[PDB]
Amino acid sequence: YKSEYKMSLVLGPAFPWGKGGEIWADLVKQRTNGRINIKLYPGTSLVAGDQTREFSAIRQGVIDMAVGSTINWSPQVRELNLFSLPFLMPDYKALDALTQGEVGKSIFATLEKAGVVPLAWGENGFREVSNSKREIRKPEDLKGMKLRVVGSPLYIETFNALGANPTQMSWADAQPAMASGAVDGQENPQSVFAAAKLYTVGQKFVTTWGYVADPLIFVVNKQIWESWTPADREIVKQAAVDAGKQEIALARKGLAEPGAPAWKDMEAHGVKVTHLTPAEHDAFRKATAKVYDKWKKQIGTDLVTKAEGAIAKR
């Protein structure tokens, strides 16, 4: 066995995502008697911050293991766009119906065939839109807004349909762009908004539209996986499962509850948080429906249809 294994993370331990990675690494070390020793590489440094080619680096073996967002791997694995379909998932029960059901199983099978062994699910969360200029209640309010997105083309199309001017860039590159005003806004889970203190870089309006949510996946490179004994593979897998459950709890703190206290915490920092009426929500869904239909065909219409059904029956 290697003396040190490398785990890639976009977000470090200040964030639930990175805490999940840390827990995984600590449990693996503990339960292998110190035999498997994993170092965390936050900021996606193993790919020079270019998170949208992290999957290829994992498949190639530049990265040994990772906790990744489905968004970042979507350019290489089209099925991961399922979680990015605008207004697919109404709530946490809907996301869980996917990850814990046939849809998640189908996605895992696809990943395994691609040379990247999936072991567990975590969560980034529902990605709420923020900006420095004005309240967003309806699609028209986004007209001309310079919103940062990750470099996965579906996000460009979604925001184009809403009349915005989206620009793609890595999480690293988003920071100076928000600080200078080069972009007006961004979209990310509450726990990321909070831990990155995005209100300090102009993000003073938030709308909790819940348009998409990105889960996380715990994965190991196939050859690293096979290099381990079947018994060690079992330890690492169970450690990922344990870490994933803990990490989802961290990612949902103050959020999967009626009065979303976590967003009230942000109000206290001078953030105007807007909650849409059901009618306002339906207008956003209708405005993005053509993008949804287009990408449903691209992803695999049968897989998306299975997701729709799992959500309806949740």
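Note that residue numbering follows the sequence shown and begins at 1.
The stretch 218-226 shows the higher mean C-alpha B-factor when 80-88 is compared against 218-226 in the entry. Of the two stretches examined, 56-64 and 242-250, the record assigns the greater average C-alpha temperature factor to 56-64. Taking only the listed residues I71, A172, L98, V117, the entry reports the highest CA temperature factor at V117. Going by the entry's values, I38 shows the largest Cα B-factor out of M266, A48, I38, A289. Remark: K105 belongs to the middle third of its chain, ranked by C-alpha B-factor as recorded.
The deposited CA B-factor of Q190 belongs to the lowest third of values across its chain.
When all modelled residues of the chain are sorted by CA temperature factor, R233 is found within the highest third. Sort the modelled residues of the chain by CA B factor and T167 lands in the highest third. Ranked by Cα temperature factor within the chain, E128 sits in the lowest third according to the deposited record.
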